[PDB]
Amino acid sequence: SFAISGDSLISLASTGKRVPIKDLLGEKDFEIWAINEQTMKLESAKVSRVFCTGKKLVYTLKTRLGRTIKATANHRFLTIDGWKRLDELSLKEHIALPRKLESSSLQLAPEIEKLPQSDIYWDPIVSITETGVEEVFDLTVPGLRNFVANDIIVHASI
């Protein structure tokens, strides 16, 4: 059981807006953005449950591009070596952020043949800090089992 702060902003694929995970408690059957680890591309994926795991100690993780999230010590992030717990990460280690690049011709027509292959931006960690006890939440994403929260790829429930 791992989880994230209720303030964490979930990117919602149907609306193009974000909502904090706490505000989605008890909602379901909505789409988030997930990485497909086989293709390294982002796909929309359905949330089947959003739940609170109680009050837990959370830690703020920050990356070089300023992405930040508060998560439990056992919460997993995606490194080049696979999924790793927050309390196993070290500074300068890269974690996966989503990236959305579009490739156009000089005439502003689509030019997908020049698109970089992966939808991941690998960003180094610059801070990991114990922050305090908060109500924490997670969600279930059957199939791909990950989602974007605060513009970071995080693992869903197991």
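Heads up: residue numbers just count along the shown sequence, starting at 1.
**Student:** When the Cα temperature factors in the entry are averaged, is it 35 to 43 or 91 to 99 that ends up higher?
**Tutor:** Higher mean C-alpha B-factor: 35 to 43.
**Student:** Given the B-factors recorded for C-alpha atoms, which segment has the greater mean, 109 to 117 or 63 to 71?
**Tutor:** Between 109 to 117 and 63 to 71, it is 109 to 117 that shows the higher mean C-alpha B-factor.
**Student:** State the tercile, meaning the lowest, middle or highest third, of residue 57 with respect to the CA B-factors recorded for its chain.
**Tutor:** Within its chain, residue 57 is a middle-third residue by C-alpha B-factor, going by the deposited values.
**Student:** Test of reading the entry: by CA B factor among the chain's modelled residues, which third contains residue 144?
**Tutor:** CA B-factor rank for residue 144: highest third.
**Student:** Ranking the modelled residues of this chain by C-alpha B-factor as given in the entry, is residue 48 in the lowest, middle or highest third?
**Tutor:** Ranked within chain, residue 48 CA B lands in the highest tercile.
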